[PDB]
Every structure is written in structure tokens, then in C-alpha cells.
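Sequences listed follow chains AC, AG, AU, AY and AN, in order. Numbering follows the deposited numbering, with no gaps: position 40 of the first sequence is 41. Numbering follows the deposited numbering, with no gaps: position 28 of the second sequence is 29. Numbering follows the deposited numbering, with no gaps: position 9 of the third sequence is 10. Numbering follows the deposited numbering, with no gaps: position 86 of the fourth sequence is 228. Numbering follows the deposited numbering, with no gaps: position 36 of the fifth sequence is 37. Data block below; observations after.
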Amino acid sequence: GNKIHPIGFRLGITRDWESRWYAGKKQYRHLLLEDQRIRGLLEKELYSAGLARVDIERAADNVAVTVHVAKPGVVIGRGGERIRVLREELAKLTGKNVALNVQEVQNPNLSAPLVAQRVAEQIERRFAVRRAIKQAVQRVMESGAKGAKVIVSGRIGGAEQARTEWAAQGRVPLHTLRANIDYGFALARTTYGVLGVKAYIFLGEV
Amino acid sequence: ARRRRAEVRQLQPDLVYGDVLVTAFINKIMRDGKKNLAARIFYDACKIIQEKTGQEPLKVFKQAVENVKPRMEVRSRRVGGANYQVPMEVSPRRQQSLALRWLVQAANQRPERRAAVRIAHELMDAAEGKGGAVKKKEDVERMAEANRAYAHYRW
Amino acid sequence: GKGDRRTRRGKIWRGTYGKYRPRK
Amino acid sequence: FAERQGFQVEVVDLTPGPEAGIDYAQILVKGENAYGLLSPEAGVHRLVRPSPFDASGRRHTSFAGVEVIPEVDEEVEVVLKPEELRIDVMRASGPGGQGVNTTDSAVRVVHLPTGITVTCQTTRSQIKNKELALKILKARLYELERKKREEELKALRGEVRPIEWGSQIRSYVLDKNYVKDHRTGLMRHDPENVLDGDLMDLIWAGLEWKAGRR
Amino acid sequence: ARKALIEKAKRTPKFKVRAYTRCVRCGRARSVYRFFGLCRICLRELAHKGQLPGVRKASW
RNA sequence: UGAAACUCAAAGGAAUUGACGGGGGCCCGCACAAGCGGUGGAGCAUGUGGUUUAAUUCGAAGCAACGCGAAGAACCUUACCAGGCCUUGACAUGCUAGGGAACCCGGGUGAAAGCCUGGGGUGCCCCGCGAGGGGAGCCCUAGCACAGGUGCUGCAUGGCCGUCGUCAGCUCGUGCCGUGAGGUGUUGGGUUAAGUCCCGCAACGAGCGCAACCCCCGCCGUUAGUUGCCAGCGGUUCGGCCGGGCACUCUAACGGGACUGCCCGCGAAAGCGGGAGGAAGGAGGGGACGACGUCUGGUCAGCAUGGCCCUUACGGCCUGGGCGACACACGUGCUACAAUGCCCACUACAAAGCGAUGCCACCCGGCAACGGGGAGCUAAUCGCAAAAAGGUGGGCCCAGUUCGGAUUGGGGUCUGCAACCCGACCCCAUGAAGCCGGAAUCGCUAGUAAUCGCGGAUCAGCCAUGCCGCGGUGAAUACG
RNA sequence: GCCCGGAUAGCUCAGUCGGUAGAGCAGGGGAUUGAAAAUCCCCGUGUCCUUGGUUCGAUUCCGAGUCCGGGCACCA
RNA sequence: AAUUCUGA
Ligand SMILES: [Mg+2]
Ligand SMILES: [Mg+2]
Ligand SMILES: [Zn+2]
Numbered sequence: 002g003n004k005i006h007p008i009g010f011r012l013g014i015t016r017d018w019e020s021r022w023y024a025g026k027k028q029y030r031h032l033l034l035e036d037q038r039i040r041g042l043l044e045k046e047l048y049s050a051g052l053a054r055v056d057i058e059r060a061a062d063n064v065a066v067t068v069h070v071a072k073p074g075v076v077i078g079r080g081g082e083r084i085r086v087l088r089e090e091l092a093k094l095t096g097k098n099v100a101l102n103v104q105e106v107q108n109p110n111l112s113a114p115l116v117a118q119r120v121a122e123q124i125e126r127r128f129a130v131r132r133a134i135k136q137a138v139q140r141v142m143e144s145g146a147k148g149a150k151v152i153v154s155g156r157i158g159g160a161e162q163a164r165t166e167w168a169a170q171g172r173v174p175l176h177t178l179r180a181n182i183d184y185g186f187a188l189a190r191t192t193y194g195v196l197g198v199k200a201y202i203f204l205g206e207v
Numbered sequence: 002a003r004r005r006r007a008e009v010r011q012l013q014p015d016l017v018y019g020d021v022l023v024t025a026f027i028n029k030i031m032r033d034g035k036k037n038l039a040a041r042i043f044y045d046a047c048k049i050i051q052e053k054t055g056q057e058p059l060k061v062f063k064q065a066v067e068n069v070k071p072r073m074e075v076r077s078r079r080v081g082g083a084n085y086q087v088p089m090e091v092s093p094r095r096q097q098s099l100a101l102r103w104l105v106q107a108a109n110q111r112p113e114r115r116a117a118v119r120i121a122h123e124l125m126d127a128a129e130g131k132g133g134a135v136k137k138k139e140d141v142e143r144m145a146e147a148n149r150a151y152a153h154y155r156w
Numbered sequence: 002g003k004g005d006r007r008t009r010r011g012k013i014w015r016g017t018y019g020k021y022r023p024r025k
Numbered sequence: 143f144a145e146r147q148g149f150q151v152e153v154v155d156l157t158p159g160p161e162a163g164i165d166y167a168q169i170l171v172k173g174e175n176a177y178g179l180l181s182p183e184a185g186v187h188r189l190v191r192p193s194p195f196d197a198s199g200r201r202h203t204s205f206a207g208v209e210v211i212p213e214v215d216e217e218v219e220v221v222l223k224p225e226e227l228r229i230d231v232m233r234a235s236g237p238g239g240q241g242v243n244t245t246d247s248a249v250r251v252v253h254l255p256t257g258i259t260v261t262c263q264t265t266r267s268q269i270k271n272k273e274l275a276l277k278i279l280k281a282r283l284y285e286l287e288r289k290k291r292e293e294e295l296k297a298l299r300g301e302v303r304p305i306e307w308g309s310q311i312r313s314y315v316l317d318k319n320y321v322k323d324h325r326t327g328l329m330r331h332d333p334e335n336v337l338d339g340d341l342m343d344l345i346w347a348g349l350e351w352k353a354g355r356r
Numbered sequence: 002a003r004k005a006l007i008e009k010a011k012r013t014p015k016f017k018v019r020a021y022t023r024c025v026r027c028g029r030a031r032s033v034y035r036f037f038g039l040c041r042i043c044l045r046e047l048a049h050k051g052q053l054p055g056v057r058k059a060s061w
């Protein structure tokens, strides 16, 4: 039982936050709770896009909701009906100006949360996990990178003897700070146990 | 201490006598790092010297601390099922440490209720070759020599 | 001693004030 | 269990042993209608749990037997009144003199309701030999009249005692956590709770399954 | 006794003494910093994800 | 010379890779030695076994469980018991019916929960001023599908964390050798904390490891000036208090510098020793980081979730009891046995954090805890706040005492609806055992051990002696 | 039945001129070991068979009885 | 010069 989260370890430098906004010790509670109620509602209606991140800035009485995705589409619809009914559901419980935004992800294979949900689906759709991993990893390194690593917990195939298939490629020094490595973690939900998957995508440096 | 031969920490020269040793002696009288409430007692003893012998507490030191230095003590070893506690020489460095220690302990034994009195007196009897610290010196030297039977065990 | 509730350190170790440790 | 219902305990015997556990435990519990309550719990109780006396902690099974017998007869008295005894006085045999030929020294005490006959010729008198033959007939009786209180009581207990793998009355397993009464078929899920004295119910059922076939 | 418990953690009935803290992510009742309002677990999992403004692993 | 009955699904040879050795060789860690202070003795605080109680919920079990969950159990918490009640239910969705559709306010019986019962009256879609009701928020009674479970299964699981281990290790690709398992690389030689590196070598590279890249502390500077200042002087009632000033102090941001670069000794190099210069050397002192993996370890009771089980109760609510129970037993801690001491009076030096139904300057009452008033503070500008040991001078004079403070009796203050269980403080009177502790046993190699005090977290208050930080004084020993 | 000897901690045995109750083992607590045994510390442990007497008072000295271990029961 | 660990 070792290894610690590679995000909270890079926060300082390397990786940036995901919700920056100063606050006073009398609101922080209520406001921070708001951000959660947002990631909670954005959790459901948005999974079809691949919410690979949700940065939220806030100066005061406003919100800088930015939902980064690799495939927008369903986020808006074809003009402005969905992304409009989302600002609706939003302020339908948030007293502020939900200033929404939407980025794009050019290489969806180089985004951990994506590759995570990806395999997380190949699992629920009964696929050779032994394959799906060596294939999802055989997708990154080719589509440009230097390191790749995926991990799946016990219950592969349903065997009661819970294993844990490793599988990585390239380089992945989780000890080296100057590197920036994308980390992801999705949860397959099948009839038997409740598997877990981790994605490790290596990128830049300096 | 298996790699380096450790290091002989440095003693800051005294701040009255200028002796790198007149401090090593106070340090042993220092309980809880209170060198002020320690050196005080010591200096209050030096006044019991100059107030009970014209001898300046300096030769009462280089003498009482020299008449206590054990030439050889016993350091046990075991060759294999051998309860042989071999006798052997003492490192000039060690000697001092063993001395000063026995001096404080001995001091802390006398029936004098104050303190500096004890240190002063024990220093007098030890310079005058008859203090409880020397009692431990001969006691130690008896064990030694008396076992010269183990002379081929000078590890 | 540090448990004698009727002295100096009695209150020091305790963290209170009383007849045996008035407010300066 | 016998301290919750209100009954009183007497530890007639308890004895340790080598490593850990218990060698023999014999207890006497009183109170009104006590045997009827601990009569169904008479057999071999199986246990299945992770073995603490193993390094790997493997799942292991343990067997132990429980016997139950009430306190009926207690006295010890065999006063053989010379009512059923046929004493004979035959002439002594062996050495002696005129007196061994002419004195009816030898005696034969005959136990008529049994068939056993003891004889004595050790001494030279009849009244000391019929009395010495009763100090012997009483002895050989004190072993063949107690041998029947050991043979009428070795088939009076029952039969369930092999302790083998396959002779269990109830199974206690803390692994998956449940109790299995192999007589009635019930499967209780509180094993750590049954190990405190809550037995009224499986004794309720063992007194229906047992006295339901006769 | 968890859901039906937070449904008593929301109001502030008779007296204030029975007013007690409670995490927001889960029903944690112990180790809850009035400040954030979250237990030490949720708190740690969030401070790790980065969803916490200005929070960062110390070091001295 | 030499069988059978019976019985077993193997007995067996050599050769891998490991593990183990009361085998060997080389080299590490407060592992022992060296050295200091502590436990186990006493009283007490806390956790645990046991025992008992109707219940004393539960888990954790050698190191790696036991001041551990628990960083705040009087009802709350609360999951346990006794008792009173509620069942569409405290909550999420949705359906159906006439009520009813925002809504606020009484009475009665009961300990409370709950059941009963008394009123104002509901904008609104809107044919329509209207009789009416379509009406959306949406509350009430009845019905259905459901909700709920801290009930079980941590060897069904996720995630997270402990330990080996801050150990020097573990692998892959290709080639070669071996029929193969498998080895070689990764051995030997030397060095280092290190599979760090150097040299050879059927190997050549590479990956996960260490390191470095991150922060704190030390030396220096640039920019910055309501903290600091006669460094310069001014007036200065005399407190940087005034104006006035960035040279210091400091505060936070960006950089330099140390790298074995320079000399000399050794070696083929790597590298080691010592010397200087330098504030600082051979990883300068601390963090943070902890590999393939082991322990079917622990955790369904933080959350999630497979599976089993109950659903007018295994759910929900309530007053109250319990988790605090004591003839015993183990662990971690606190205060002590004292003169390098205790008590008494007076006066000084820190750091890190923390304060609006919040920390409280200063007066007045009360010996006091504590209570009135009231100013200042969104805080490098006011307060919490006195740091303590110490420096200092006056009395105890070695007696279980002016040591030590357990226990008990009497009196009060403060939160809190409420201190019998069961709180923290104040005063008086009580002053028990303990005179350094059998066998065994704990930590630490330097600003460390010891000693002394300050802050925070949770929290109304607190059983906090626990935990996480901060600073004052400041050692002995290491041959091996 | 005669003569001789004994019973004392749960077990096996010692012991006093009458006033003192002891040894080894067992058993309990702690300690070591991962845990057992072995080892080490710390303790407790009795109408001295019952029933009478003398004595100031008896586990001991005499009387009776109960049980146990022995030796004796020959000449005809 | 110092014994033992059953059986998924
Ligand atoms: Mg060290
Ligand atoms: Mg054996
Ligand atoms: Zn939580």
C-alpha cells in the first residue's frame, strides 16, 4: 500500500489546478460545496462528451465554468439548445452568472480521463481486458508520446481470485517532477465486482 | 559507528580559566542542559578551595584528575563459550571521560547537603589521594592486573 | 509540582488563573 | 447459557494439557427441569473458521463431543443379608492332625441367586473362615455388582459419539458467518451470538425433532 | 442510520447543543473542519484532485 | 535360495530458480557495544483482555493492535439496552384521485415523541370584472411501484492507507549458451548511501528504482518600502512618540554562488585522504518523494459496490439509561520520591499560528474563578500575551517534610434547555502510597538525548497528561 | 482376632525437651519466545484422622475408635 | 554444549 496521487504532488508547479478562486473562511464552505454540486450535475448529463476536465474560476458572484472535451457536439446540439438548457439547469439552483465555456481536445488519446472512460466502457461491454489494455496503450505511444501506463484491479473476467493486470510502455518516472504526466481513473460497474482503472500518459517536460 | 571512526566533538575553552578541560568537567555536572546553574556550583566550589587552601583550583584539578586516571581496566570478550573479561590499556581520550564521570557520581554521594561543597571536598580528597573516586580507581585496578592471565587477548 | 493547583507552575502547566496567579 | 436461565453450576472437573485448549471438562448444572434442556445438545458440534494456530491462516475445521447424563442413583450399599446364602461345612483338606480329619473346618459360602461359590481353608476355625469368605464374597460382588452399573450405563447414554468427519449435530462457521443445525435443517446467521448462550430456540427445535419420531 | 441521520443534520431543532457538524460529500460526523465543512477523507481526496483553491502539499 | 495376501498414485535420478542454515567470505542500520535519560515499583490519565450488567454497540491482535479509528460520547453524537410512538415512512423520482394546491398563527393530553383540535387564506393559466375553475409552485389524507439497514460477507471487490524498506533491488528487447525449466546482461576487480560510477566481460542498450529537477534553513545581491531607525539631526512632554529619512533589522519575489572548479598525495581511470580559499565541501543540515512485489494483513462502520437476509420492522422518531460499569490483568502517558530542590516577592529575551452573535486593552466589585461597562481589531499597526526554566534576594535545613499532591468534607463561579450518574475551573480543610524501583525492557550519534514553556486543530464547555507544529538552555560516548 | 509401625498443603516426604509448622512437585501473577514447553523473577497455600484426658495451653505425651502397611496365628 | 508448530 504505497504510491501517492500524482496530481496533488504536481499541483504546486507542473500541473495546474482545476478550480482557482480565493475565498473567505466564511463562504469557502458554501462556495466550495457549490463547485461540487456542479461537478455532480455535470457528472451525469455530459458523460456522452468525455468531460476530461472542468476548470472553474470565480472572481465574485460569477462562475467561469469551462468544460474541456474532445468531442463537443452533444454539449451544444447544433446551434444553442442544449448548452442553453444546461445554463438553465445550472442557475436553476445557482444564484450566480454561470459563465459557461467549452474547449476542445485535439488528441483525445493523449487525455487520461478519456482513455480511462474508454477502457471503462470496453469492460462493461465484455472485452478481453488482457487485450483492451495492450491496445489502448498501443494507441497513445503511436499517436505521439514518450510514456504510457494503464492498470486494472481484481475481478478480470469474473474470477473470484481477484488479479490486477499491469501493462505500461515508454517511460513513467512518477518521482520526476519536470515532466507533466496525465493521470486518469475510471470505474467500470459490472454485475459482479466493481473494477477500477488507472491511466498514465506521459507528455512534456522543462 | 561501523563506517567512520566517529568524531571527537570539540570542547569550547573555558570562559574564566580558558581550559578545554575545565568545561568538560562542568558538562558532566549539567542536568537538563542548564550550564548556568551548573557552572555556578562549580565556581562556588573553587571559592571553597581558595577558602580552605591557598592552592588555586588549577593544580587541585591537574592532580585530582590525574590521580584518578585508570591505567588499565577490564573489557569483556567472548571467543566462543568463553566468559573471559580481559584486562587492557585505556585510551588517553577514554581515561579522562571515565575520570570525570566517577568524579561527579562520587561527588553526588557525599553527605554534604549543599553541592559545591561536595565537588570541592571530593576534589581535595582526590588530589590528596583519598577520595571516593579513587576508591573506584583501585577497585577497577584490582580487577585489572589480577587477571594478567589473559594477556594474550589484547584485541 | 506541576500538579500542585495552589502555586505558580501549578497554573502554568494548567493554563488557568487563580488566587495563586493573579492577572499581572 | 446455564447462568442466564438461572441454573447453578458445579465444575466437577476441568483439566488443561499441552499446548492450548482443554483435555476434559465435566460440569454439574442444577435447577428445575435441567436435563430436558441440555439433552438435545448431546452430540458432536463441528466448527469451521480460519485456523489461528497456523502460519498461513488456512481455513480449518474442528470437531468436539458433548455428552449429557442426568444424576440419578447415588448411594453405595450392598448389605447381603444371609437370607440367600447357602453355607456348607466340609472337612478340611491338607495338613493338620487328628483335628483336621475330625473337625468340619472348611466352609463354602454359596450365593444362591447368582451361582457364585467362595471357599476358605486358610485358618483352622469355621467362624473365622465363613467370615473371611464373606470378606471375599463382598469384594468380588463389589466388582461384579458395579460392573453392571457400568454396563447398564454404557448403552444407556446413546450412540452419537464417533467425533469423526460426518457425525455432526450442529455446525458453527464464522467464515461466512452462520450456524447450521443438521438435525432440523435450520441455518442461523448469528454464530458469534449463539456463542453467548442463546440456545433456547435450537433447544426448542431439538426437543421437537428428537421426540417426534418415537 | 446514515441518510435518516443527515436528515437531522440539516435542521437545528431545540437547543443549539445538538447542532453538530457533518461532512458534505459523505455523512462523516468525526474530524470535520467547520471551515471547509468536509471530513478528512473527502478533504484529502479533493486537495489531491486539485479542486481546492490555493491548497497544495506543504514541505518544510 | 526367496515369494503371496493387502495397500498406495506414487516411491525415484539428475538438473533450474528460490527459501532456509545452531555453513563460509565482504560490506550496512542506535542492532550490540559506548553513553544519558526513561518503563516495569507508587498514585493517577488513557486504550485493551477478562468479569459483571437488560445492554456496557463495533472493529483493530507480535513487530506493522492497544493516548490506535475517535482532530472533543452529559441528551446530541449513537451505531447498544429498557421504555413510548410512526408507518408512504426523515430524504430522492415518478404515477393516480376529489381534497389540496406559496402560506403564517393558537388550544388540548402526554416526560418528550406523536395523536387530536382552532384560524387568516393562496399571486395564478385565466372564457372570464363575475358565479366557476382550468391553474403553476406546491402543503395536506388515501393507494401503487418503492424508499431504509451502522445486518453479513475486507479471503466476493474499488479506492486509500501499514510493513519489509529509504533496503539495492527488479525487469524488458535482441543476440548467444542450455533439449528444457532457466542463466548470461545483473559475476568477478575497485568505489560509493546506492544495479552510483570506473575497468574488464557474449554481450549491447533500454525501463521501473536512487539521485537531480520541488519546498524549508543557513551566505549575497536586485526591485520593493507606514516593520524597523540619533545609522543623522531636529523638536521629542520623552513610549520611534512627532515630523523627516531606506543605511540596517525584517517582510516576499527573483537570481548568484559549491562544481571536487583550484594545490598537493594515491590510483590506469573512476575515486579517496588531507590543505587552503570560502558563510558554507565532497549527498551542508531538514522535508516531500517511497520499484516488480510480500503479508488471501486491515478497512463493507468514511464513501461506493457484487451477493445473501428484514421490510408495519434488522427501518424512522422520542424522554431516559449505556458506551465512563471493577475482586483482577497488560500497554502508552502525566505528576513524583526531592537541596543541581520546593514555596515567596521583583525584573527581563523567542518562534509558529490563531481571532465579528470572535479574540478582549483598561477601570470598578468580589482574596479568586468570575460579573458589569466600554474602546481598539476585517488585523507586519489593536488584542489573545504573562512565556517557563532562568538572572535576581528572603525564609525553609533533610524530617515523608514548606517535598510529593491521591482521596474525602464544605462552599462558588461558567457554557449549556440540562453537569447524579458523567464536565472544566475557584477557595478552605483534608495531606494516602511512594526514600529511584525483582526478573525484563524503550529512544536518541548533535543543536540530537534531556529539560522548559507557547500555538493550532475538533469544540458551547471539556476529562487534551493525546496529536500536529513552534521556540529557550543545551551534553556524554562510539576503540571495534 | 494378637503384637509392631503410620496418616501432616492438591501429590510425595521430613520435623519440635510440648509453646517455632517445613522441603520438592503441583497451582496462581508477571517475565521472555511469534506461540507452546524449558528458563527467570513474585506470592498464597494446613482444625497435623476423628473422639477424650493431663497441662497454663498439645501437630508431639496417655485412653478409645476408624483406615492403612507389616509380622503372627504352631503341636496334634 | 539447549525440544516442539497437526489437519483445505
Ligand atoms: Mg542514525
Ligand atoms: Mg510433542
Ligand atoms: Zn467525508
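For each residue, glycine too, the CB sits at the ideal point set by N, CA and C.
### Query
Taking Cβ-Cβ distances below 7 Å as the criterion, which residues of the segment 19-35 of chain AC are in contact with chain AN?
Listed by position, the residues of the segment 19-35 of chain AC near chain AN (Cβ gap below 7 Å) are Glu19, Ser20, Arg21, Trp22, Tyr23, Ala24, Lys26, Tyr29, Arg30, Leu33 and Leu34.
### Task
Tell me whether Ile42/AN counts as near ligand 3, meaning its Cβ is closer than 8 Å to at least one heavy atom of that ligand.
Yes, ligand 3 has a heavy atom inside 8 Å of this Cβ.
### Task
Locate the beta strand (DSSP E) running through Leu189/AY, then write down its first and last residues.
Residues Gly185 to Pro192.
### Query
What are the residues that DSSP puts in a beta bridge with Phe203/AC?
Listed as beta-bridge partners of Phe203/AC by DSSP are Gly148/AC and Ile182/AC.
### Message
Please tell me whether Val302/AY and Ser309/AY are closer than 9 Å, where the distance is taken between their beta carbons.
### Response
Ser309/AY is positioned such that its CB atom lies closer than 9 Å to that of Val302/AY.
### Query
Exposed or buried, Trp156/AG, counting other C-beta atoms within 10 Å across all chains shown (16 or more means buried)?
So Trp156/AG ends up on the exposed side.
### Query
So, are the CB atoms of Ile305/AY and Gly207/AY less than 9 Å apart?
Yes, they are a contact pair.
### Query
Helix or strand or just coil, what does DSSP make of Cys40/AN?
In the structure shown, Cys40/AN falls within a strand segment according to DSSP collapsed to helix, strand and coil.
### Task
Check the DSSP bridge columns for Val56/AN and list the partner residues they point to.
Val56/AN pairs with nothing; no bridge assigned.
### Query
At which residue ranges does the segment 254-318 of chain AY contain complete beta strand (DSSP E) runs of 3 or more residues, listed in the order of the chain?
The segment 254-318 of chain AY contains these whole beta strand (DSSP E) runs: 259-262 and 312-315.
### Query
If we count Cβ pairs, one from each stretch, closer than 8 Å, do we get three or more for the segment 183-197 of chain AC versus the segment 146-163 of chain AC?
Enough Cβ pairs lie closer than 8 Å, so yes.
### Message
Applying the 10 Å Cβ sphere with the 16-neighbour rule, what's the burial state of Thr264/AY?
### Response
Around the Cβ of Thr264/AY, a 10 Å sphere holds fewer than 16 other Cβ atoms; the residue is exposed.
### Task
Could you have a look at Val75/AC and say whether DSSP puts it in helix, strand or coil?
Correct three-state label for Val75/AC: helix.
### Near ligand 3: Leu33/AC beta-carbon under 8 Å from a heavy atom
No.
### Message
If you reduce the DSSP assignment to three classes, tell me which class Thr191/AC lands in.
### Response
In this structure, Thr191/AC counts as coil in the three-state DSSP scheme.
#### Entry: Residue burial classification, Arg119/AG (beta-carbon count within 10 angstroms, cutoff 16)
Flag for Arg119/AG reads buried.
### Task
Return helix, strand or coil for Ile229/AY, following the three-state DSSP convention.
The three-state reading of DSSP puts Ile229/AY in strand, counting E and B together.
### Message
Nearest by alpha-carbon distance to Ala30/AN: which of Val56/AN, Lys11/AN, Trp61/AN and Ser60/AN is it?
### Response
Looking at the Cα atoms, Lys11/AN is the closest of the given residues.
### Query
Just to confirm, are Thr256/AY and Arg250/AY a CB contact at a threshold of 9 Å?
Contact: no.
### Task
Taking only beta carbons into account, state which residues of the segment 10-22 of chain AN come closer than 7 Å to chain AC, listed in chain order.
Residues: none.
### Task
Note down, in chain order, each residue of its chain lying with its Cβ closer than 8 Å to the Cβ of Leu337/AY, except the 5 sequence neighbours on either side.
Excluding sequence positions up to five before and after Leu337/AY, its CB lies within less than 8 Å of the CB of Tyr314, all in the same chain and listed in chain order.
### Task
Give a yes or no on whether the minimum CB-CB distance between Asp17/AC and chain AN is below 9 Å.
At least one chain AN Cβ lies under 9 Å of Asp17/AC.
### Task
Using 10 angstroms around the beta-carbon of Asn271/AY, count the other beta-carbons present and answer buried if the total reaches 16, otherwise exposed.
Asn271/AY is buried by the Cβ-count criterion.
### Query
Taking the DSSP output, what are the residues bridged to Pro158/AY?
Answer is none; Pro158/AY lacks a bridge partner.
### Message
Going by C-alpha to C-alpha distance, which of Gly205/AC, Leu175/AC, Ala187/AC and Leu204/AC sits closest to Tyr48/AC?
### Response
Among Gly205/AC, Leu175/AC, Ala187/AC and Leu204/AC, the Cα nearest to that of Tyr48/AC belongs to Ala187/AC.
### Task
Count the C-beta pairs between the segment 43-59 of chain AG and the segment 103-123 of chain AG that are closer than 8 Å, then say yes if the count reaches three, no if not.
The segment 43-59 of chain AG is in contact with the segment 103-123 of chain AG.
### Task
Please compile the residues from chain AN whose C-beta is within a distance smaller than 8 Å of the C-beta of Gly13/AC.
Under the 8 Å cutoff, chain AN gives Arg57 and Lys58.
### Query
Using CA coordinates, which residue listed in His176/AC, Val173/AC, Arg79/AC and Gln37/AC is at the minimum distance from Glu46/AN?
Here the closest residue by C-alpha is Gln37/AC.
### Query
Which residues in the same chain have their Cβ closer than 8 Å to the Cβ of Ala160/AC, if we skip the five residues on either side of it in sequence?
Cβ within range, chain order: n/a, list empty.
### Query
Ends of the alpha helix (DSSP H) at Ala128/AG?
Counting along the chain, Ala128/AG sits inside the alpha helix (DSSP H) bounded by residues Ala117 to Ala128.
### Query
Got a sec, what are the start and stop residues for the alpha helix (DSSP H) residue 293/AC sits in?
Lying before the first or after the last residue shown, residue 293/AC is absent from chain AC, which here runs from 2 to 207.
### Task
Flag this pair as touching only if the segment 89-102 of chain AC and the segment 130-144 of chain AC have three or more C-beta atom pairs under 8 Å; answer yes or no.
As far as the Cβ criterion goes, the segment 89-102 of chain AC does not touch the segment 130-144 of chain AC, which means the pair count is below three.
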